[PDB]
């Protein structure tokens, strides 16, 4: 029958985000000769842990229709394109490129953890922050301020 085939071909589609609604957490997607209604996108976690990282206009995605009584569809980022190419060719590295030019990266080849291209950086811990490593370098252009009752240097200078 002719629409079982229509339902099957529309079950999984690919397309481009054309509009986002950050409050609703929904987007509209151009796929084939139409633009979808407002669809939710899948995120990494939406349970006891919750992630948020909104897809952007121009981002290529899959659209998965559930069909049935419900008949909703969901958006799943993301697919590399000419406009949005892979930011790396590394065999094993996790590489994250933010639109401000910042990079978060771990490269298992050199075992190098890299954060760069940012302005601010804050860690607020209630108990302990420790660091255990042969060499530590701080290159402060302005000054390092040590707001504490106490600093123990263990040996020499």
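Positions refer to the first chain, counted from 1.
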If you take the mean CA temperature factor per stretch, which one wins between 42-50 and 63-71? 63-71
Pick between 17-25 and 130-138: the one whose mean CA B-factor in the entry is higher. 130-138
Criterion, highest CA B-factor; candidates, 57, 91, 121, 103: 121
Chain third (lowest, middle, highest) by recorded CA B-factor, residue given as residue 35: lowest
